[PDB]
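S.K.: Mind looking over this structure? Questions follow.
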There are 2 protein chains.
Amino acid sequence: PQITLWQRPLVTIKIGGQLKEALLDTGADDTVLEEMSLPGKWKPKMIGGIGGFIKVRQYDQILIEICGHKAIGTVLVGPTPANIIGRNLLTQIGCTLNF
Amino acid sequence: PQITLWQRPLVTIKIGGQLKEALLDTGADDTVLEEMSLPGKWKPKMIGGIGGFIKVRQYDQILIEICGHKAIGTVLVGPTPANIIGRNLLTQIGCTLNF
Ligand SMILES: CC(C)[C@H](NC(=O)N(C)Cc1ccccn1)C(=O)N[C@@H](Cc1ccccc1)[C@H](O)[C@@H](O)[C@H](CC1CCCCC1)NC(=O)[C@@H](NC(=O)N(C)Cc1ccccn1)C(C)C
C-alpha cells in the first residue's frame, strides 16, 4: 500500500508469535523493538540515537511479518520508547520513498 | 523521485543560504539539524529519541528547499548526530512510503 505521512507510519507486525505496532522508519539503520519475549541466543549491543546510546539484545535471523510481508533479519530488543522497523527489514518488504 | 532503502535516504537541502545533506526520516515527527547558523528568534525546546533527550533551538516558519522542493516549517537546531528531515516537512514535499 501507499502511505502518506500526515500521521505516524504505523503498521502491525507479528514476531515471536506476538502482535505489535511498529513505526516504518527510513531514518533507522536497524530494527529495534520494546522489551519483549523472544527465543534463542542473543548478544549484547549498543545502538545510538538522538539522545545517546542504549543497551539492547541482538537477535539474528528473526522472522517478522510486517503488514502481511514476511522478512528475516536482525532484531534488537531493549529500552526503546517505540518499536522501530529500520532499513534492514524495510528493504526486504520492498519499501520505497517517493516524492 | 523514487528512493529505495538499501542506503541511507540522503538528500541535499538548502536552508539559511547553506547547503547540507539530510536524512529523509519517516520515523521522526520533527526536523532537526546539526548546529548551524540561522537568523531570527528561536525558543529553547527539548526533544526525545533513542538514548534520551537533547536541548535544541526551535525556529518556526523556516524556508527549506529539499531536493528541489520548497517548504516552510519548524526546524530544530541542536546536538543531533545527523540532519533529520521529519514528517512535518516530508508531508509538504509530497513524500510517501510504498510497499
Ligand atoms: C533505532 C536506532 C538504531 C537508530 N540509529 C541509527 O540508525 N544510527 C545511529 C545510524 C545512523 C547514522 C547516521 C544516519 C542514519 N543512521 C535511530 O535512532 N534512528 C533515528 C534517526 C537518527 C539517526 C542518527 C542519529 C540520530 C537519530 C530514527 O530513524 C528516527 O525516526 C527517530 C525514531 C524514534 C521513534 C520513537 C522514539 C525513539 C526513536 N526519531 C527521533 O529520534 C525524533 N523523535 C521523535 O520523532 N519523537 C520522540 C516523537 C515520536 C514518538 C513516537 C513515534 C514517532 N515519533 C527526534 C526529534 C529526531
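Chain labels run A, B, ... following the order of the C-alpha cells; each chain numbers its residues from 1, and ligands are numbered from 1 in the order shown.
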Give chain A as a short mmCIF file (atom, residue, chain, number, x, y, z; two decimals) with N, CA, C and O atoms, in the first residue's frame once it has been least-squares superposed onto chain B over every C-alpha atom, paired in order.
M.R.:
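Result saved to superposed_24.cif:
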```cif
data_model
loop_
_atom_site.label_atom_id
_atom_site.label_comp_id
_atom_site.auth_asym_id
_atom_site.auth_seq_id
_atom_site.Cartn_x
_atom_site.Cartn_y
_atom_site.Cartn_z
N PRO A 1 11.33 11.85 -7.15
CA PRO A 1 11.99 10.58 -7.51
C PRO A 1 11.61 9.48 -6.54
O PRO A 1 11.04 9.74 -5.48
N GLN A 2 11.91 8.24 -6.91
CA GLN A 2 11.64 7.10 -6.06
C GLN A 2 12.98 6.73 -5.44
O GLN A 2 14.00 6.71 -6.13
N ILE A 3 12.97 6.44 -4.15
CA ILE A 3 14.19 6.10 -3.43
C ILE A 3 14.09 4.73 -2.74
O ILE A 3 13.17 4.51 -1.96
N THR A 4 15.01 3.83 -3.05
CA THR A 4 15.01 2.52 -2.39
C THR A 4 15.75 2.74 -1.07
O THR A 4 16.36 3.79 -0.88
N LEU A 5 15.73 1.76 -0.18
CA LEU A 5 16.35 1.95 1.12
C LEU A 5 17.59 1.11 1.43
O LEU A 5 17.94 0.90 2.60
N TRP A 6 18.27 0.64 0.39
CA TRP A 6 19.46 -0.16 0.60
C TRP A 6 20.56 0.73 1.18
O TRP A 6 21.50 0.25 1.80
N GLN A 7 20.42 2.03 0.99
CA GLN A 7 21.38 2.99 1.54
C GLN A 7 20.58 4.03 2.30
O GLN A 7 19.35 4.08 2.18
N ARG A 8 21.25 4.86 3.10
CA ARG A 8 20.53 5.90 3.84
C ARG A 8 19.91 6.86 2.84
O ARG A 8 20.57 7.28 1.88
N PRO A 9 18.62 7.20 3.03
CA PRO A 9 17.94 8.12 2.12
C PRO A 9 18.34 9.57 2.36
O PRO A 9 17.62 10.35 2.99
N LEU A 10 19.51 9.93 1.84
CA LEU A 10 20.05 11.27 1.98
C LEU A 10 19.69 12.15 0.79
O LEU A 10 19.63 11.67 -0.35
N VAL A 11 19.41 13.42 1.06
CA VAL A 11 19.11 14.37 -0.01
C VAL A 11 19.82 15.66 0.31
O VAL A 11 20.29 15.87 1.43
N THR A 12 19.91 16.54 -0.68
CA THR A 12 20.56 17.81 -0.45
C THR A 12 19.48 18.84 -0.16
O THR A 12 18.44 18.86 -0.80
N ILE A 13 19.73 19.68 0.84
CA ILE A 13 18.78 20.71 1.18
C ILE A 13 19.51 22.04 1.23
O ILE A 13 20.73 22.08 1.38
N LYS A 14 18.77 23.12 1.07
CA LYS A 14 19.36 24.45 1.18
C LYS A 14 18.50 25.15 2.22
O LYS A 14 17.28 25.20 2.09
N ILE A 15 19.14 25.66 3.26
CA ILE A 15 18.44 26.35 4.32
C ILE A 15 19.36 27.42 4.89
O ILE A 15 20.55 27.18 5.09
N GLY A 16 18.81 28.60 5.13
CA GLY A 16 19.63 29.68 5.67
C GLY A 16 20.79 30.00 4.75
O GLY A 16 21.86 30.38 5.21
N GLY A 17 20.56 29.82 3.45
CA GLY A 17 21.58 30.10 2.46
C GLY A 17 22.73 29.11 2.42
O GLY A 17 23.70 29.34 1.69
N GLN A 18 22.62 28.02 3.17
CA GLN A 18 23.68 27.01 3.24
C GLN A 18 23.22 25.66 2.70
O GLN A 18 22.04 25.32 2.77
N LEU A 19 24.17 24.89 2.20
CA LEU A 19 23.86 23.58 1.64
C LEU A 19 24.22 22.49 2.63
O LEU A 19 25.30 22.50 3.23
N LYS A 20 23.33 21.52 2.78
CA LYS A 20 23.57 20.43 3.71
C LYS A 20 22.94 19.15 3.20
O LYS A 20 22.09 19.19 2.30
N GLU A 21 23.38 18.02 3.73
CA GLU A 21 22.81 16.73 3.37
C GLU A 21 21.96 16.33 4.58
O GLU A 21 22.38 16.49 5.72
N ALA A 22 20.76 15.83 4.31
CA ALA A 22 19.86 15.45 5.39
C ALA A 22 19.18 14.12 5.10
O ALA A 22 19.01 13.72 3.94
N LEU A 23 18.79 13.45 6.17
CA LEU A 23 18.15 12.15 6.09
C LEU A 23 16.62 12.28 5.97
O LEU A 23 16.01 12.98 6.76
N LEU A 24 16.02 11.63 4.97
CA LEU A 24 14.55 11.65 4.85
C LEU A 24 14.14 10.61 5.89
O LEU A 24 14.37 9.41 5.71
N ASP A 25 13.54 11.08 6.97
CA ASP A 25 13.21 10.23 8.11
C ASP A 25 11.72 10.11 8.47
O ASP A 25 11.16 10.96 9.17
N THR A 26 11.08 9.03 8.02
CA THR A 26 9.66 8.82 8.29
C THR A 26 9.36 8.55 9.75
O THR A 26 8.21 8.70 10.18
N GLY A 27 10.37 8.16 10.52
CA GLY A 27 10.13 7.89 11.93
C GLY A 27 10.15 9.11 12.82
O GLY A 27 9.78 9.03 13.99
N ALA A 28 10.57 10.25 12.28
CA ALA A 28 10.68 11.48 13.06
C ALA A 28 9.51 12.46 12.90
O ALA A 28 9.14 12.82 11.79
N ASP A 29 8.93 12.88 14.02
CA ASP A 29 7.83 13.84 13.99
C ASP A 29 8.36 15.19 13.55
O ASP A 29 7.68 15.92 12.83
N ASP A 30 9.57 15.51 14.00
CA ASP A 30 10.19 16.80 13.71
C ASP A 30 11.45 16.76 12.85
O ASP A 30 12.04 15.71 12.62
N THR A 31 11.86 17.95 12.40
CA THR A 31 13.05 18.13 11.58
C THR A 31 14.11 18.74 12.48
O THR A 31 13.90 19.80 13.07
N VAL A 32 15.25 18.07 12.60
CA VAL A 32 16.33 18.58 13.45
C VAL A 32 17.65 18.59 12.69
O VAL A 32 18.05 17.59 12.11
N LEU A 33 18.31 19.74 12.72
CA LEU A 33 19.58 19.90 12.02
C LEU A 33 20.73 20.14 12.99
O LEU A 33 20.53 20.69 14.07
N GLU A 34 21.92 19.72 12.59
CA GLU A 34 23.11 19.92 13.41
C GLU A 34 23.33 21.41 13.61
O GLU A 34 22.78 22.23 12.87
N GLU A 35 24.14 21.75 14.60
CA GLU A 35 24.43 23.15 14.90
C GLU A 35 24.76 23.91 13.61
O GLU A 35 25.66 23.54 12.86
N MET A 36 24.01 24.97 13.36
CA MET A 36 24.22 25.78 12.18
C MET A 36 23.76 27.21 12.44
O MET A 36 23.08 27.48 13.43
N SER A 37 24.12 28.10 11.53
CA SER A 37 23.77 29.51 11.64
C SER A 37 22.43 29.83 10.97
O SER A 37 22.32 29.79 9.74
N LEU A 38 21.43 30.15 11.78
CA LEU A 38 20.11 30.52 11.27
C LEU A 38 19.73 31.87 11.86
O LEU A 38 20.10 32.19 12.99
N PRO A 39 18.99 32.70 11.11
CA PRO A 39 18.58 34.02 11.59
C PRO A 39 17.21 34.03 12.26
O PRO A 39 16.38 33.16 12.01
N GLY A 40 17.00 35.03 13.10
CA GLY A 40 15.71 35.17 13.75
C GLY A 40 15.62 34.71 15.19
O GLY A 40 16.60 34.26 15.80
N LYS A 41 14.42 34.84 15.73
CA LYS A 41 14.18 34.44 17.10
C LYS A 41 13.98 32.94 17.18
O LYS A 41 13.62 32.30 16.19
N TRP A 42 14.23 32.37 18.35
CA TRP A 42 14.04 30.95 18.55
C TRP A 42 13.72 30.70 20.02
O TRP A 42 14.04 31.51 20.87
N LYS A 43 13.08 29.59 20.31
CA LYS A 43 12.75 29.24 21.68
C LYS A 43 13.47 27.95 22.09
O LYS A 43 13.89 27.14 21.26
N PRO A 44 13.65 27.77 23.40
CA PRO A 44 14.31 26.56 23.87
C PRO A 44 13.28 25.42 23.85
O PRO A 44 12.11 25.63 24.16
N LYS A 45 13.72 24.23 23.47
CA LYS A 45 12.82 23.09 23.41
C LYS A 45 13.63 21.81 23.62
O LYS A 45 14.83 21.78 23.37
N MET A 46 12.97 20.77 24.11
CA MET A 46 13.63 19.49 24.32
C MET A 46 12.91 18.43 23.52
O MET A 46 11.68 18.34 23.56
N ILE A 47 13.66 17.63 22.78
CA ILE A 47 13.06 16.57 21.98
C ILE A 47 13.64 15.24 22.43
O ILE A 47 14.79 15.18 22.88
N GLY A 48 12.86 14.18 22.29
CA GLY A 48 13.33 12.88 22.70
C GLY A 48 13.74 11.99 21.55
O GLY A 48 13.36 12.21 20.40
N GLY A 49 14.54 10.98 21.88
CA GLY A 49 15.01 10.04 20.89
C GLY A 49 15.28 8.69 21.53
O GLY A 49 14.89 8.45 22.67
N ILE A 50 15.97 7.83 20.80
CA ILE A 50 16.29 6.50 21.29
C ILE A 50 17.10 6.50 22.59
O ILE A 50 16.84 5.68 23.48
N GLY A 51 18.05 7.42 22.72
CA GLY A 51 18.88 7.44 23.93
C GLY A 51 18.60 8.49 24.99
O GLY A 51 19.37 8.65 25.93
N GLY A 52 17.50 9.22 24.85
CA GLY A 52 17.19 10.24 25.83
C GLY A 52 16.72 11.53 25.18
O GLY A 52 16.10 11.50 24.12
N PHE A 53 17.02 12.65 25.82
CA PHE A 53 16.59 13.96 25.32
C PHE A 53 17.76 14.90 25.05
O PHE A 53 18.80 14.81 25.69
N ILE A 54 17.57 15.81 24.10
CA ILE A 54 18.59 16.81 23.82
C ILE A 54 17.90 18.15 23.77
O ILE A 54 16.71 18.25 23.46
N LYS A 55 18.64 19.19 24.11
CA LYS A 55 18.10 20.54 24.11
C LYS A 55 18.41 21.11 22.73
O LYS A 55 19.50 20.92 22.21
N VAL A 56 17.44 21.80 22.15
CA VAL A 56 17.62 22.40 20.83
C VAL A 56 16.97 23.77 20.77
O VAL A 56 16.24 24.16 21.68
N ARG A 57 17.24 24.49 19.68
CA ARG A 57 16.66 25.80 19.47
C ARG A 57 15.57 25.60 18.42
O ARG A 57 15.80 24.97 17.39
N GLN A 58 14.39 26.14 18.68
CA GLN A 58 13.29 25.99 17.75
C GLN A 58 13.04 27.23 16.89
O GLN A 58 12.76 28.31 17.41
N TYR A 59 13.15 27.05 15.58
CA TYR A 59 12.91 28.13 14.62
C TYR A 59 11.63 27.80 13.88
O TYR A 59 11.49 26.70 13.32
N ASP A 60 10.68 28.73 13.87
CA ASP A 60 9.42 28.50 13.19
C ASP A 60 9.40 29.20 11.83
O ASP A 60 10.16 30.14 11.59
N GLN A 61 8.54 28.71 10.95
CA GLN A 61 8.38 29.27 9.61
C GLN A 61 9.71 29.46 8.88
O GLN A 61 9.99 30.53 8.33
N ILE A 62 10.53 28.41 8.87
CA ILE A 62 11.82 28.46 8.18
C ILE A 62 11.68 27.85 6.79
O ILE A 62 11.09 26.78 6.63
N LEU A 63 12.23 28.54 5.79
CA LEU A 63 12.18 28.06 4.42
C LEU A 63 13.29 27.05 4.17
O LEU A 63 14.45 27.30 4.52
N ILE A 64 12.93 25.93 3.58
CA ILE A 64 13.90 24.89 3.27
C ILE A 64 13.62 24.36 1.88
O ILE A 64 12.46 24.20 1.50
N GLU A 65 14.67 24.11 1.12
CA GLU A 65 14.47 23.55 -0.21
C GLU A 65 15.09 22.16 -0.16
O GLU A 65 16.31 22.00 -0.09
N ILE A 66 14.22 21.15 -0.15
CA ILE A 66 14.61 19.75 -0.07
C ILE A 66 14.58 19.10 -1.44
O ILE A 66 13.53 18.96 -2.05
N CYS A 67 15.76 18.70 -1.91
CA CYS A 67 15.90 18.05 -3.21
C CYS A 67 15.11 18.76 -4.31
O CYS A 67 14.55 18.10 -5.19
N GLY A 68 15.05 20.09 -4.26
CA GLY A 68 14.34 20.83 -5.29
C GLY A 68 12.90 21.18 -4.97
O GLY A 68 12.19 21.75 -5.81
N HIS A 69 12.44 20.86 -3.77
CA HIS A 69 11.08 21.17 -3.36
C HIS A 69 11.12 22.13 -2.18
O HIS A 69 11.81 21.87 -1.19
N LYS A 70 10.39 23.23 -2.29
CA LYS A 70 10.37 24.21 -1.22
C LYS A 70 9.31 23.87 -0.18
O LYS A 70 8.24 23.38 -0.51
N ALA A 71 9.63 24.14 1.07
CA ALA A 71 8.71 23.90 2.17
C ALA A 71 9.03 24.90 3.28
O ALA A 71 10.17 25.33 3.42
N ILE A 72 8.01 25.28 4.04
CA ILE A 72 8.20 26.20 5.15
C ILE A 72 7.64 25.53 6.38
O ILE A 72 6.52 25.03 6.37
N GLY A 73 8.44 25.50 7.44
CA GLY A 73 7.99 24.88 8.66
C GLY A 73 8.97 25.07 9.79
O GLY A 73 9.93 25.84 9.68
N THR A 74 8.73 24.35 10.88
CA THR A 74 9.57 24.43 12.06
C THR A 74 10.82 23.59 11.92
O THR A 74 10.77 22.44 11.49
N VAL A 75 11.95 24.17 12.30
CA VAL A 75 13.22 23.47 12.24
C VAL A 75 13.89 23.58 13.60
O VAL A 75 13.94 24.66 14.19
N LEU A 76 14.40 22.45 14.08
CA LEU A 76 15.08 22.44 15.36
C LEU A 76 16.57 22.36 15.09
O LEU A 76 17.00 21.68 14.16
N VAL A 77 17.35 23.07 15.89
CA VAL A 77 18.80 23.06 15.72
C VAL A 77 19.43 22.70 17.06
O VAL A 77 19.12 23.32 18.09
N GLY A 78 20.31 21.71 17.05
CA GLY A 78 20.94 21.29 18.29
C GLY A 78 21.98 20.21 18.08
O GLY A 78 22.39 19.95 16.95
N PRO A 79 22.39 19.53 19.17
CA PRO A 79 23.39 18.46 19.14
C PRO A 79 22.96 17.12 18.55
O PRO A 79 23.25 16.07 19.12
N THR A 80 22.27 17.15 17.42
CA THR A 80 21.86 15.91 16.77
C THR A 80 23.06 15.35 16.02
O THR A 80 23.85 16.10 15.47
N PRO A 81 23.22 14.01 16.01
CA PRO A 81 24.34 13.36 15.32
C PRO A 81 24.20 13.45 13.79
O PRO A 81 25.16 13.19 13.06
N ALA A 82 23.01 13.81 13.31
CA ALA A 82 22.78 13.93 11.88
C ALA A 82 21.59 14.81 11.57
O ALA A 82 20.68 14.95 12.40
N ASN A 83 21.59 15.41 10.38
CA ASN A 83 20.49 16.27 9.96
C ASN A 83 19.33 15.37 9.59
O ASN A 83 19.47 14.48 8.75
N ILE A 84 18.18 15.61 10.21
CA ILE A 84 16.98 14.81 9.99
C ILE A 84 15.82 15.63 9.44
O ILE A 84 15.48 16.67 9.99
N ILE A 85 15.21 15.18 8.35
CA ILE A 85 14.04 15.86 7.81
C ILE A 85 12.88 14.99 8.28
O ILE A 85 12.73 13.85 7.82
N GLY A 86 12.07 15.51 9.21
CA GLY A 86 10.95 14.75 9.74
C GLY A 86 9.63 14.94 9.00
O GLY A 86 9.55 15.68 8.03
N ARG A 87 8.59 14.28 9.49
CA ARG A 87 7.28 14.34 8.83
C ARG A 87 6.66 15.71 8.66
O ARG A 87 5.85 15.90 7.75
N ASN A 88 7.02 16.68 9.50
CA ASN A 88 6.43 18.01 9.36
C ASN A 88 6.79 18.64 8.02
O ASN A 88 6.05 19.47 7.50
N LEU A 89 7.92 18.22 7.45
CA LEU A 89 8.36 18.75 6.16
C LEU A 89 8.16 17.72 5.05
O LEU A 89 7.89 18.09 3.91
N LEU A 90 8.28 16.44 5.38
CA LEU A 90 8.08 15.40 4.36
C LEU A 90 6.69 15.52 3.74
O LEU A 90 6.52 15.35 2.54
N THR A 91 5.68 15.81 4.56
CA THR A 91 4.32 15.95 4.05
C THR A 91 4.25 17.10 3.05
O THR A 91 3.55 17.01 2.05
N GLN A 92 4.99 18.17 3.31
CA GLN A 92 4.98 19.33 2.41
C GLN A 92 5.58 19.08 1.04
O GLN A 92 5.22 19.75 0.07
N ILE A 93 6.51 18.13 0.93
CA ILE A 93 7.09 17.88 -0.37
C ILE A 93 6.42 16.68 -1.04
O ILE A 93 6.89 16.19 -2.07
N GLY A 94 5.33 16.22 -0.43
CA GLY A 94 4.57 15.11 -0.97
C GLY A 94 5.23 13.75 -0.89
O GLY A 94 5.01 12.89 -1.73
N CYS A 95 6.04 13.54 0.14
CA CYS A 95 6.74 12.27 0.31
C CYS A 95 5.83 11.18 0.88
O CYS A 95 5.12 11.40 1.86
N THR A 96 5.86 10.01 0.25
CA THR A 96 5.06 8.87 0.70
C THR A 96 5.90 7.59 0.76
O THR A 96 6.94 7.48 0.11
N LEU A 97 5.44 6.63 1.56
CA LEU A 97 6.10 5.34 1.68
C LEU A 97 5.26 4.39 0.82
O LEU A 97 4.04 4.52 0.78
N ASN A 98 5.91 3.46 0.14
CA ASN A 98 5.20 2.52 -0.71
C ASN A 98 5.78 1.12 -0.61
O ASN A 98 7.00 0.94 -0.58
N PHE A 99 4.90 0.12 -0.54
CA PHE A 99 5.35 -1.26 -0.49
C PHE A 99 4.22 -2.24 -0.80
O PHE A 99 3.10 -1.78 -1.09
#
```
S.K.: Could you please write out, as a PyMOL selection string, every residue of chain B that DSSP assigns to strand (DSSP E or B)?
M.R.: chain B and resi 2-3+10-15+18-24+32-33+43-49+52-66+69-77+84-85+96-98
S.K.: Per DSSP on the backbone, what are the alpha helix (DSSP H) residues of chain B, as a PyMOL selection string?
M.R.: chain B and resi 87-90
S.K.: Got time to write the residues from that selection, C-alpha atoms, as a JSON list (two decimals), in the first residue's frame?
M.R.:
```
[["chain", "number", "residue", "atom", "x", "y", "z"],
["B", 87, "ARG", "CA", 7.27, 14.30, 8.79],
["B", 88, "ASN", "CA", 6.41, 17.95, 9.42],
["B", 89, "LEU", "CA", 8.32, 18.74, 6.22],
["B", 90, "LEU", "CA", 8.08, 15.42, 4.37]]
```
